[PDB]
Each structure stands twice: as structure tokens, then as C-alpha cells.
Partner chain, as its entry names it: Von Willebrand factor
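The chain below stands alone and is given as C-alpha cells, in the form solved without its partner chain.
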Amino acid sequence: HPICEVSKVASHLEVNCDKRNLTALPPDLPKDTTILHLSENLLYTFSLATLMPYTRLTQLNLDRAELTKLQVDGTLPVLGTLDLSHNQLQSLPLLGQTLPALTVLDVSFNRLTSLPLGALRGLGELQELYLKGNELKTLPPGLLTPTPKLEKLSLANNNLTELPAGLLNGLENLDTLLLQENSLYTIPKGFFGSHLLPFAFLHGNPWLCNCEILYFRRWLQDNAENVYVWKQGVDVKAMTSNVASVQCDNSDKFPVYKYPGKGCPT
């Protein structure tokens, strides 16, 4: 209570423990805390089990806290949001068995180089997954099979060279897909299925414009109003779409949706 800032009234009880050189969870915290901020601390190691006493905790922010090892012990039955962004995790924590009600997971800007087969098992309620700014080169097929309710997916600014065929199949609620600034060369045929994807970011990739890019070319033409350019700190309020941002070899004068495709089968 005295160490961190507390704010109550209606909605819930938010506890702010940011920037306090904390190396562990303060033993002095309101048992009814619903939102806990532990950002900007020195949590090289942290154990989720230490939060079990706080039964109403629905949001936990452990971002920018030098997090290196996250111990996933017991169970936090009502935790809905977990922010682990801007930390030093080299492996994705396996959270399914501990955070069954999780809807938002942010592990952006960590040190991930790959994702395991078990990755998202058990996170059936997941709605937002952010993995921007890591160094992923490829994704396991079936990565998103445990998360059919996904609405937002961010794989921006990684090192992806290709996407698994079928990655989006089954995601009938997907509204935002961020894939900008990777090393993507093509899009698997039928990748987007028959689902309407309102916000897609595909710029900053060295698209290879050959006959294999024709599926993507047609999709871009049919979805020109759903393609956008990312702008830090700004909501896609009504931001003007810009299909021309998706370019062959990331060359400004050669947008993929204008690629002629000379010498290519129908």
C-alpha cells in the first residue's frame, strides 16, 4: 500500500508498482487488487505462483522489467491480460495450464528465436497475441490451432521468410493482422480463405513478384481498403488504407497489386 500507488472506485482496484527497483513481488499488496503494474523494475526472475493469493487479479503488467525467467507454477484462474513486453525472455513461457482464462498475451520485444510445438495449448480464450520485435524466422504449423477466437495477431518486425499454409484457417474472428517489416517473399495460395480481414499490415516485406504471387495480387485488389501502413501510437481510427504499400522487393514504384505477371498461367 505505502510502497506502490493504489487507485480504487467503481471499475476496480489498480495498483501501480512501476519503477521502484523491486526485485520481487511486494508482500504488502491489497488482497483484492484487480490490476497490477510491475513495469520498469528488476524482475530478472519472477514466479506466477506468488500471485495466487490475489484472487481478483485480472491484469498483470511485467513489461520493461528485465524478465529473464518466468516460473509458471500454480494457477491464476481469472487472469485475463499478461504483458511481458520489452523483457529478455529467450523462450516463450508455456502458459496454457496456468492461465486458462487469458485473452491477451504480449511477449513483444523479447529475445525469442522460435516457438515450440506446445506453445499456445490451453489458451482457448486468447483474443490478442503480440509477438512483435522478436527474431522469429519460421512458425510451427498449428501454432494458432489452440486459439480459434483470436482477433488480433502481431508478428511484425521479426525475421520471418515464410508463413505456414493454413496459419489463418479457423480464425473466423480475426480483425487485425500485423506482418510488416519481416522478410516475407510470398503468400501461400488461399491463405486468407473466405474471411474478411479488416486490418492487414503487409508493408516492409521483400515480396517476390513471380507467378506465385498472383493469389496475393488478386487478394490485394479485392481488399485494397483493408490494407494499411503502421504508425506508432496511432489508432486505425479511419486511417486511410494504402494497398500500394505492399511492394515487390519492397520497391516503392512497384506495388504488388499492379504486378503485370507476364508469362503466368491463369
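Positions refer to the first chain, counted from 1.
What comes next is about the form deposited with its partner chain bound, which is not displayed.
Participant: Give a yes or no for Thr103: in the deposited bound form, does one of its heavy atoms lie within 4.5 Å of a heavy atom belonging to its partner chain?
Facilitator: Answer yes; at least one heavy atom of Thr103 falls within 4.5 Å of its partner chain in the deposited bound form.
Participant: Flag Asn16 as yes or no: does it have a non-hydrogen atom within 4.5 angstroms of any non-hydrogen atom of its partner chain in the deposited bound form?
Facilitator: Although its partner chain is absent here, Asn16 would touch it in the deposited bound form, with heavy atoms inside 4.5 Å.
Participant: Please tell me whether any heavy atom belonging to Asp175 falls inside 4.5 Å of a heavy atom of its partner chain, as the geometry stands in the deposited bound form.
Facilitator: Result yes; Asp175 sits at the interface with its partner chain in the deposited bound form.
Participant: Spell out, yes or no, whether the shortest heavy atom distance between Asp28 and its partner chain in the deposited bound form is within 4.5 Å.
Facilitator: So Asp28 does not count as contacting its partner chain.
Participant: Taking the partner as it appears in the deposited bound form, which of 66 to 74, 236 to 244, 205 to 213, 44 to 52 has residues with heavy atoms within 4.5 Å of its partner chain?
Facilitator: Among the listed stretches, the partner-contacting one is 236 to 244.
Participant: Can you work out which of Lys137, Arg121, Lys152, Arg111 has a heavy atom no more than 4.5 Å from its partner chain in the deposited bound form?
Facilitator: Of the listed residues, the single hit is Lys152.
Participant: For the stretch 193 to 208, I need every residue with any heavy atom inside 4.5 Å of its partner chain in the deposited bound form, listed N to C.
Facilitator: Residues within 4.5 Å: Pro198, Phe199.
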